[PDB]
Amino acid sequence: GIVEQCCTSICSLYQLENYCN
Amino acid sequence: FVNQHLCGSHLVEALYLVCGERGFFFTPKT
(Lines give C-alpha, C1' and ligand atoms only; values in the text may rest on other atoms or scores of the structure.)
Protein backbone atom coordinates (compact mmCIF):
# COMPACT_ATOMS: atom_id res chain seq x y z
CA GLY A 1 0.00 0.00 0.00
CA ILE A 2 0.89 3.68 0.23
CA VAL A 3 3.57 3.29 2.95
CA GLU A 4 5.42 0.50 1.14
CA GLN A 5 5.02 2.26 -2.22
CA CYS A 6 5.90 5.82 -1.21
CA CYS A 7 7.80 5.61 2.10
CA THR A 8 9.78 2.35 1.86
CA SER A 9 10.08 2.70 -1.93
CA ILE A 10 9.60 5.86 -4.09
CA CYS A 11 6.27 6.55 -5.82
CA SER A 12 5.07 8.72 -8.73
CA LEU A 13 2.28 11.30 -8.84
CA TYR A 14 -0.37 9.08 -10.31
CA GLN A 15 0.42 6.31 -7.76
CA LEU A 16 -0.21 8.86 -5.06
CA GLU A 17 -3.31 10.23 -6.76
CA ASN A 18 -4.89 6.77 -6.96
CA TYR A 19 -5.14 6.74 -3.08
CA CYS A 20 -7.44 9.80 -3.15
CA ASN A 21 -11.19 9.66 -2.61
CA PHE B 1 21.99 12.64 -0.69
CA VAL B 2 18.44 14.21 -1.07
CA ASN B 3 15.69 11.77 0.10
CA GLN B 4 12.69 11.09 -2.20
CA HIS B 5 10.77 8.98 0.34
CA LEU B 6 7.54 10.31 1.78
CA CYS B 7 6.92 9.08 5.28
CA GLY B 8 4.72 9.81 8.22
CA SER B 9 3.41 13.31 8.50
CA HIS B 10 5.10 14.15 5.15
CA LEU B 11 3.07 11.43 3.45
CA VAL B 12 -0.29 12.61 4.80
CA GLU B 13 0.69 16.21 3.80
CA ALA B 14 1.37 14.92 0.26
CA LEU B 15 -2.12 13.44 0.14
CA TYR B 16 -3.59 16.65 1.47
CA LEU B 17 -1.92 18.54 -1.44
CA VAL B 18 -2.58 16.13 -4.31
CA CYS B 19 -6.09 15.08 -3.33
CA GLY B 20 -7.34 18.61 -2.79
CA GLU B 21 -11.12 18.86 -2.73
CA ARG B 22 -11.52 15.10 -3.36
CA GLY B 23 -10.20 14.26 0.09
CA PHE B 24 -8.82 10.95 1.13
CA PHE B 25 -8.67 8.12 3.61
CA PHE B 26 -5.49 7.39 5.54
CA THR B 27 -4.29 5.14 8.37
CA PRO B 28 -1.14 6.27 10.37
CA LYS B 29 1.17 3.46 11.41
CA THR B 30 1.65 5.36 14.67
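The rules behind these values
- Residues numbered from 1 in each chain as written, not as in the entry; some residues may be left out.
- Chains lettered and ligands numbered in written order.
- Heavy atoms only, no water.
- Residues with missing side-chain atoms left out of burial classes, pairs and counts.
- Contact = heavy atoms within 4.5 Å.
- Buried area = accessible area lost by both parts, 1.4 Å probe.
- Salt bridge = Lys/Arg side-chain N within 4 Å of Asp/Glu carboxyl O.
- Polar contact = N/O pair within 3.5 Å; in protein donor to acceptor, adjacent residues only side chain to side chain.
- Nonpolar A, V, L, I, M, F, W, Y, C, P; charged D, E, K, R; others polar.

Method of determination, as given in the entry header: X-ray crystallography; reported resolution: 1.59 Å.

Let's shift gears to the interface of chain B and chain A. Taken together, the contact between chain B and chain A spans 15 residues of the former and 14 residues of the latter. For the pair chain B and chain A, the summed buried area comes to about 1,100 Å², and 77% of that belongs to carbon and sulfur atoms. Considering only the surface of chain B that becomes buried against chain A, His-5, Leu-11 and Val-18 of chain B emerge as the three largest contributors, covering 36% of it. On inspection of chain B and its partner chain A, the count reaches zero salt bridges. On inspection of chain B and its partner chain A, the count reaches five residue pairs in polar contact. Here the side of chain B that touches chain A is composed, by residue class, of 10 nonpolar, three polar and two charged.

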